[PDB]
Amino acid sequence: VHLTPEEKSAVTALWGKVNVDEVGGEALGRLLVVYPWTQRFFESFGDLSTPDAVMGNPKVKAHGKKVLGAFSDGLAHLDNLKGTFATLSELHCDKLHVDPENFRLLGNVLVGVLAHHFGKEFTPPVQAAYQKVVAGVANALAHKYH
Amino acid sequence: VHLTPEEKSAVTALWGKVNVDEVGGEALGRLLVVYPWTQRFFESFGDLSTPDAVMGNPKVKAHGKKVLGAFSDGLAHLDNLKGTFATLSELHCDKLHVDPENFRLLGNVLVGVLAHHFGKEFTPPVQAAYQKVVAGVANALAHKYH
Amino acid sequence: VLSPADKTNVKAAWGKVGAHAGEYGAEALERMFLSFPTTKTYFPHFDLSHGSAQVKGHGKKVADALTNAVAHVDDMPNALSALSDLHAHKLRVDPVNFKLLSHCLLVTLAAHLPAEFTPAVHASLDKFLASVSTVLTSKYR
Amino acid sequence: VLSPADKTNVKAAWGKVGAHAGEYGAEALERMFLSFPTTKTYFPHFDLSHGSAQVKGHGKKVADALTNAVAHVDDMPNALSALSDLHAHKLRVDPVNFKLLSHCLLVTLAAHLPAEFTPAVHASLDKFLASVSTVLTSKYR
Ligand code: HEM
Ligand code: HEM
Ligand code: HEM
Ligand code: HEM
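Each chain has its residues counted from 1 in the order its sequence is written, and this count may differ from the entry's own numbering; any residue lacking coordinates is left out. As they are written, the chains are lettered A onward and the ligands numbered 1 onward, keeping that order. Calculated side-chain values reflect all of the structure's heavy atoms, with hydrogen atoms and water omitted.

Looking at the method and resolution fields of the entry, one finds X-ray crystallography and 2.0 Å.

Our working definition: UniProt positions are given in the numbering used here, feature names are shortened, and annotations may be inferred rather than shown by experiment.
Naming follows the PDB entry, where chain C appears as HEMOGLOBIN of Homo sapiens. Taken verbatim from the UniProt record of chain C, the Sequence similarities comment is "Belongs to the globin family."

Labelled according to the PDB entry, chain A appears under the name HEMOGLOBIN, originating from Homo sapiens. What the UniProt record of chain A gives under Subunit is the line "Heterotetramer of two alpha chains and two beta chains in adult hemoglobin A (HbA). Heterotetramer of two zeta chains and two beta chains in hemoglobin Portland-2, detected in fetuses and neonates with homozygous alpha-thalassemia." UniProt, in the comment section headed Sequence similarities, describes chain A in these words: "Belongs to the globin family."

Below you can see the structure in the form of structure tokens.
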């Protein structure tokens, strides 16, 4: 979105160190545990009965990497997320019926994850930059709701 | 904001019948009774310890009419909510220290008031067009925050 | 907390709803789907068109629930135990939607009770719905 | 509500915070001012520069109120009585804002507790911060 050159470089650099699939699975997994109502879309993934079951589920993991790869390709186009996420937005609304609040949930769980993975490198200003990116994505994903 | 021909027509037609004096006043008063914490911006306004007190206070009425009058010009410039409210956005941020969440709370109580005032005539579709207007005004206002 | 005056104001107001409770229920759902389109995400199986009998009958269930809420203002968690298990463990509606219905419900009352929708009455009702929402979302996690 | 396990989980993560509370607390606040810049509207009379004494002291007061809540988890209303009154009647901070800090605090614990911030510790923390926020907001109206 609206990012100073410095904010972009910040976002872009930490990202360069993310293992997309690992984090993807973590975030998604964490979403289902912290905010369990989100599990409602995932009943066909099987056992989600305990935190261990959730985090260990290959379906959650596989779902995480797909969501995170898309987010990840999103960064390339900070200039035009609405552009970038328009179809997907159409999909989550018309076919999946995913309440755009969930996106806001993931965005924050994601931030928690980056923080836990990178520790001290995840400074207050790095967090801010990320917080704009995550609110920008969730906005872009909700724009075609109707 | 983007409104269907249908929505502008409904917004504007209802607005033509609103007494900016009476409505502004009710709107502001009900904000202060319903969500008392908003009373922190009007320390120098009088007795605000009773709904009668609030509702009967000349300073609240005065303020209300000024807010509504401002709102009224947004309506007239639905195409440019941002450029229209930029100065007042900076005011409320840099001088007033009003948490823009209050914009929202007001936007909601205003709907409630139009509804109370208009009854039947304030139909689901009419509500909807107004819900959009108020959301737009609340965002044009929070716009210079930093 | 509901003060004795809030309770009085709620009983009072709801009592004038009387027989229109279901009718008002539906109108509230309706204002809700048109105002806040995201909430439709939870009823992809309903015909949400205006006059829709599914909306109408759903409006009626909600309403009856609120009625039972009013009657049992002093022990809401018990009276609404089944609804809370439901919303939490089956429907799994995001908590953020409870606010949006609560608003559309205040809006409908306002539009129908021009005389009893006093500023005070307006605050005890919003207090009342926020507590009802609190109860229904208390077993989510 | 907080389940048995939730309490074990907070008491464990928090123990671990130990002596750094005040430091964590100051970090949280700065994370909040950078992320959610509207929250500054509440601190116009603070020097919100990084390292400011003002931020570091308030950080320590916040963290002390949290340790206390942790100490009186089974009795929070009581334990935070004085605090809910202040926030309710004096500071009159909009309830939305409590979410924002809680988020920032959770990010702060995450960055400093590699080994301990397990998904379940994370859930219990999210819940306890929710309850702290609900206790502090409870006397608003
Ligand atoms: C940035 C946030 C998200 C992004 C970028 C995203 C991306 C995706 C993508 C790329 C797909 C597959 C598209 C296709 O098959 O054409 C998808 C499917 C799906 N997403 Fe999202 N997603 C996001 C958030 C979420 C959230 C938070 C939920 C629910 C809690 C969710 C629920 C679903 C479901 C249920 C599917 C279908 C799975 C399947 O049928 O295998 N998504 N998402
Ligand atoms: C929502 C749309 C709003 C609009 C368009 C608006 C507009 C205005 C205007 C036009 C002025 C006065 C300048 C003059 O006299 O020309 C003003 C002042 C003020 N506003 Fe806003 N206002 C809004 C909402 C709010 C809210 C929600 C609050 C907090 C409850 C707030 C707090 C104040 C205060 C404290 C002042 C100055 C009062 C004084 O100096 O006595 N405003 N606003
Ligand atoms: C005070 C607020 C609410 C009350 C009193 C209430 C009450 C009810 C009742 C009585 C039922 C039917 C249960 C039964 O038949 O056993 C129901 C179901 C349902 N509610 Fe709620 N509800 C509330 C809020 C919410 C909200 C905010 C939403 C989502 C936007 C929601 C979505 C649903 C759905 C999707 C169902 C099932 C519909 C169907 O498939 O039959 N409810 N609720
Ligand atoms: C769990 C969340 C919170 C806790 C535990 C907490 C605790 C405290 C404590 C202990 C004090 C000072 C009491 C004394 O002086 O000893 C205080 C004051 C204050 N709090 Fe909170 N607080 C929280 C949330 C918030 C939030 C979300 C905001 C607004 C963004 C807020 C704004 C204030 C302000 C402005 C003061 C007074 C600062 C000064 O002028 O000294 N608080 N809080």
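### Here we look at empty space enclosed by the protein
Residues and elements named next belong to chain C. Put simply, the rule reads: Only protein atoms enter the 1 Å grid used here, on which a cavity is any set of points holding a 1.4 Å probe that cannot leave and a pocket is any open set flanked by protein within 12 Å on both sides along at least five of seven lines; residues with an atom within 4 Å of a point are listed as lining. Grid points are joined across faces, edges and corners, and a volume is the space filled by probe spheres set on the points. By the criteria applied, helices consist of DSSP H or I runs no shorter than four residues and strands consist of E runs no shorter than two, each listed in order from the N terminus. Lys, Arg, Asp and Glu make up the charged group, whereas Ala, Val, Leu, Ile, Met, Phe, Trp, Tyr, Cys and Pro make up the nonpolar group; the residues left over, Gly among them, are polar.
Evaluation of the coordinates by the stated rule reveals one cavity of 30 Å³ or more. Taken as a whole, the largest cavity holds about 50 Å³ of empty space. Taken together, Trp14, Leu105, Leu106, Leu109, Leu125, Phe128 and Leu129 form the lining of the largest cavity. Where the lining of the largest cavity is concerned, the elements lending two or more residues are α6 (96-112) and α7 (119-136). Its residues assigned to classes, the lining of the largest cavity comprises seven nonpolar, no polar and no charged.

### A short note on the site of ligand 1
Residues and elements named next belong to chain A. This is how the line gets drawn: Residues are labelled near a given molecule or strand when at least one of their non-hydrogen atoms is within 4 Å of it. In protein, a polar contact requires one atom able to donate a hydrogen and another able to accept it; more generally it is a pair of N or O atoms within 3.5 Å, and residues adjacent in sequence count only if both atoms are side-chain atoms.
Surveying the vicinity of ligand 1 reveals 16 residues, the closest of which are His63, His92, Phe103, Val137 and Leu141. Between a nitrogen atom of ligand 1 and a side-chain N or O atom of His63, the distance comes to 3.4 Å. A distance of 3.1 Å is found between a nitrogen atom of ligand 1 and a side-chain nitrogen or oxygen belonging to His92. Mapped by element, the contributors of at least two residues to the shell around ligand 1 are α4 (58-75), α5 (81-94), α6 (101-118) and α7 (124-142). In terms of residue count, the dominant contributor to the shell around ligand 1 is α4 (four residues). Partitioning the shell around ligand 1 into residue classes produces twelve nonpolar, three polar and one charged.

### Re the UniProt feature "binding site: heme b" in chain A
All names here are of chain A. Defined as follows: Every residue pair with non-hydrogen atoms within 4.5 Å of one another is taken to be in contact.
Under the UniProt annotation, "binding site: heme b" lies at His63 and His92. Considering the C-alpha atoms alone, the annotated residues occupy 30 residues of sequence yet fold into one spot, their largest mutual distance being 14.3 Å. Examined against the element boundaries, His63 turns out to sit in helix α4. Within the secondary structure, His92 is located in helix α5. Setting aside residues up to four positions removed in sequence, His92 forms contacts with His97, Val98, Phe103 and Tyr145.

### Thoughts on the interface of chain A and chain D
Formally: Two parts placed together each lose some accessible area under a 1.4 Å probe, and the buried area is that loss summed for both. Salt-bridge detection follows one rule: a side-chain nitrogen of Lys or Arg within 4 Å of a carboxyl oxygen of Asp or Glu.
On the chain D side, the residues contacting the 21 residues of chain A number 19 residues. Interface area for chain A against chain D, summed over the two sides, is near 1600 Å², with a carbon-plus-sulfur share of 62%. Per-residue buried area on chain A facing chain D is highest for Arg30, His116 and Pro124 of chain A; these three make up 33% of the total on that side. Viewed at the interface, chain D and chain A are joined by zero salt bridges. Where chain A meets chain D, there are seven residue pairs in polar contact. Put simply, the parts of the chain that give the side of chain A that touches chain D at least two residues each are α2 (20-34), α3 (51-55), α6 and α7 of chain A. Taken together, the residues that form the side of chain A that touches chain D break down as eleven nonpolar, seven polar and three charged.

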